[PDB]
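Here is the structure we will look at, set down as structure tokens.
Labels for the chains are A, B, C, D, E, F and G, by order of writing; each one numbers its residues from 1.
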Amino acid sequence: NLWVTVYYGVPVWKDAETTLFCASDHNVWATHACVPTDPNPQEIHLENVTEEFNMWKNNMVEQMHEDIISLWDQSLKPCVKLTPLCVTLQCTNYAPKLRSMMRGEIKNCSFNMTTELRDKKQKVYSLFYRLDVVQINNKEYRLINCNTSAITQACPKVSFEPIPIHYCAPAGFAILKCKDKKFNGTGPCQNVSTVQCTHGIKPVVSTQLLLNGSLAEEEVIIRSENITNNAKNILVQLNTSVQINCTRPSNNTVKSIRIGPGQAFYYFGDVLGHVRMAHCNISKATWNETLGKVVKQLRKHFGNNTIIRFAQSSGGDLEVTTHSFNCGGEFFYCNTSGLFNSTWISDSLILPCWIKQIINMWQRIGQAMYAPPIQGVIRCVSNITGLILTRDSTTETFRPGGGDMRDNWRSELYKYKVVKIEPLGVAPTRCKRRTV
Amino acid sequence: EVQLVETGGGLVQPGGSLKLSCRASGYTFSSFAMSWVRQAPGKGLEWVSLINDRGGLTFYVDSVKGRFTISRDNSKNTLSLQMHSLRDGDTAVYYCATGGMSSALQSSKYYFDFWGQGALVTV
Amino acid sequence: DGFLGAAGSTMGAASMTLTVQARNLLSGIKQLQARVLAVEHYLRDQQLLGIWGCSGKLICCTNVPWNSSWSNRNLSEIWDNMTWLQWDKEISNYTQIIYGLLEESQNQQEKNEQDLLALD
Amino acid sequence: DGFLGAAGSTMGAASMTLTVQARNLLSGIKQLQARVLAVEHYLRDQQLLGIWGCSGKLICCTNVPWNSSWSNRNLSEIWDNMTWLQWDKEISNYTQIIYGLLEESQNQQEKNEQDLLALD
Amino acid sequence: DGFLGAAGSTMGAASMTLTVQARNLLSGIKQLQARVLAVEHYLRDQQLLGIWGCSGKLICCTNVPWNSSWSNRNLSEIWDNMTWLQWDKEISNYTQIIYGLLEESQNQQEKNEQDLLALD
Amino acid sequence: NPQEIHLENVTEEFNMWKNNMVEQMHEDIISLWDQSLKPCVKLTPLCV
Amino acid sequence: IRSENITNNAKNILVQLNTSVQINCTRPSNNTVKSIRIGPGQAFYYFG
């Protein structure tokens, strides 16, 4: 009775992993080989479609990760390799008199370095932070990178301010956006819509506290691959932001010398005024309310008769123990011990920060970068939009954890899925082809 | 529930024209094929014309192929048959009916599912 | 609606938007490889439609009967109460069988047409 | 003449050289990208001809009437006293309108053919 | 048999496996260039079949008579006692002549069809 | 034996100051120059 | 025995055996390996 009829252009798709395109509106994140965005991108709501999403298997996170690493290296490759800087240094404390917390953090070091001509040497005096200088045993010191790899100086003209990057599907593929309020990262979405491209995602690099991200639609959303498994990180998306203000209140001078033909080294010079500690101010009431909301949502997974305690991160490298971010070209490392110090049973906070010039990003070994000093006083005001927590019995203990950068990008890409279109199919039809 | 009412003219002289329209209610008009069937005063039934559900594809009996036009408006729920020449042999009660065709994705019909009351066209 | 707007619609209604998805099928080394693979996929689908005797058509009727084992649903049930995603899952296991039959049907048709043309 | 030899000829005469230009349409990373884009362009034009129901034809008649607002020239005036470059400029603003109508016409034709085939 | 299994078979028998080789025609910078060139070759063959008026067909009859100078073998001799490799060598020198005639034949056919359609 | 096909009754408008072929030729010359002279000798110990 | 040209003495002759001949090489010295660093991120390994 019925015959096979072939249809082409059928709105059917399958899960797929493919290469994505950039879209955008000198910055380290500004790619020349990256197409301009669509000023009026399209979004087509899919009625009566319940697509299953799983943010922990989303290939877009690995693609974004690789794109960030490649762009970073391409941008910082054509600069200055400070191979003649790995020399013995003679160092004393910058301010003997100072009794402030910043005592011995800044050291006044002398070294020979090089000059334009091979046959000449000079004497260079510069200031270094304690975190960049390791004792050999006026004392002799070496830079921390001398025991790992050669260090490349970032070009001073390159800005590190995040620029939103939009990801676009190649033809033959489509991106599905969950749009389901309070979606926890896995399972069906009831409000799925098809888009050509994602919204802009800022490649903000941070740990423990996620800055300048998206907010939850109605309430704090706690997402995890496995709540029971203590080895997984918990991504907490806040519904309201917490404003955080960091300052580097020292009018720091920047000096430079030439080190070879076509090469110059920039270094931290005189500190004018008093030497002061870098720090962030977070309002106590806002943080306390935000943390209480997080506790309530955790109780929904652990019970109404449990105890939720926050504690400081365990010992380890500075890059993972404490909060870390790029502020005005400087790389800040803070503490957070005053944020996660509370037991929950059913006007400003000041966090100290240290600045480090020898940078080892993305958890790579042997990829040291020298961040040039930034002249003057630096201030940044950021929005805290999410947290990373790990879990350590009546009392559960949570710690900031973090350190794996894909967790930050996943926190933005969780709403998107890439699918491949399979336009060809068959169906019974009461239609016979004319015979011969 | 389902109703079809024919409205049209009365007495026409040979060489003229007459438009007959069937108004439908009680069902989705655009979901069914429509046709016209006529009965001469002293004879049985004979098929006259068939139009599909969309209205773009039509069929006629040879005796009226150059004289009758069948059309439908699915927004007005109206089926219209515009007849020309109208010979003495065309005097008959004309009926509109639902059925007679199905658009490939529907189960087969090849029968006239629902009939109206009819209207008499006299030449 | 636009691209994939009919994805949640019944099989019948979605057949009226076949051209929209078709237009959106075709629309640094890794990106170039992706474009090349998209072209190869498109051509594989066009070649397959060519082999079956459909060529430049979006709706193509054939001479292969429905087995009834592949799916035993009513014709109106399939076209009025199912989406294309559900249908694709329902007959996934028989896709290659159907494709094989379609190829064989066209081969016989081509030979018969040639022999019909050979008659003086 | 050869490729584009008829460019300055009247619209009528140039229709006899449609195959010459067609053959010349298909005939280090930037160069590879250029070849890939040339392939995508060619396929976009072939897909568009497919959607309209023309497929492998260089001259294809359709069922879309001429609006008369797009151009009100006489038929002999257009074919005997104009070149294709002048014509393309003359109706540039109506190109997308015409394309939309052509797509709709083929969709109706396909449904009517399917329903005609469905008759036992 | 599978791909090229009929290569040593007679011309007649091998015509029943035309789809097998066709499927296998389409199936780091140098490798990407190779894929792009394979795509261009495939499209050149498809364009050539389009120009001749064959389009999506594997067996296509035409209106060009056999010259008898190209090959003077009997019809049964060619189809029953030769392979396609031998035939391709036998008429290699006339390939371009045949192709030219095929193009001209289709051009006349298209004009005649257009003029036939123009009759009210 | 390159081909040239004269176009009769064609009056194309040219503008040499907007001709993208000049920038393409420029880039090709710069790239070729650098590719050709890259694998040679860097006289870093000569700056004495 | 395969050759481009047997007569031409400038060509090599490739002889494919139908049976294999087992060959056993040994380096019977318990050689120590030592290493030093030579620069940041670079190390040299040497025979000790």
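Here, a contact is a pair of C-beta atoms (placed from the backbone, for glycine too) under 8 Å apart; a residue touches a chain by one contact, two chains touch by 3 or more.
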Fill in: Touching both chain A and chain E (chains)
C, D
Discussion item. When contacts are scored as defined above, which chain pair ends up with more C-beta pairs, A-F or D-E?
Written reply: D-E
Practice prompt. Farthest from chain C by Cα centre, which chain is it? Let me know.
Written response: G
Worksheet item: Central chain, going by Cα centroids?
Response: C
Worksheet item: Do the two copies chain C and chain D share over half of their interface residue numbers, or under half; same or different?
Response: different
Discussion item. Using mean CA coordinates as chain centres, what's the gap between chain B and chain E in Å?
Written reply: 52
Worksheet item: So, what's the distance in Å between the C-alpha centres of chain F and chain C?
Response: 48
Practice prompt. Please work out the Cα centroid separation of chain B and chain G, and write it as a whole number of Å.
Written response: 95
Discussion item. By the touch rule stated above, which residues of chain G touch at least two different other chains?
Written reply: none
Discussion item. For chain E, give me the residues that contact two or more of the other chains.
Written reply: 29, 32, 36, 39, 43, 55-56
Fill in: Of all residues in chain B, the ones touching two or more other chains
102, 104-106, 108
Item to complete: Could you please write down every pair of chains that are in touch?
Response: A-B, A-C, A-D, A-F, A-G, B-C, B-D, C-D, C-E, D-E, D-F
Worksheet entry | Contacting residues of chain A [partner chain C, same complex] | 1-13, 18-19, 21, 33, 42, 44, 46-49, 170-172, 174, 194, 421-433, 435-436
Worksheet entry | Residues on chain F engaged by chain A in the complex (per definition of touch) | 44-45, 47-48
Worksheet entry | chain C residues within the chain E interface of the complex | 29, 32-33, 36, 39-40, 43-44, 47, 49-51, 53-56, 103, 107, 110-111, 114, 117
Discussion item. With touch defined as at the start, can you tell me which chain G residues reach chain A in the complex?
Written reply: 39-41
Worksheet item: What part of chain A is in contact with chain G in the complex they form?
Response: 83, 86, 145-151, 366
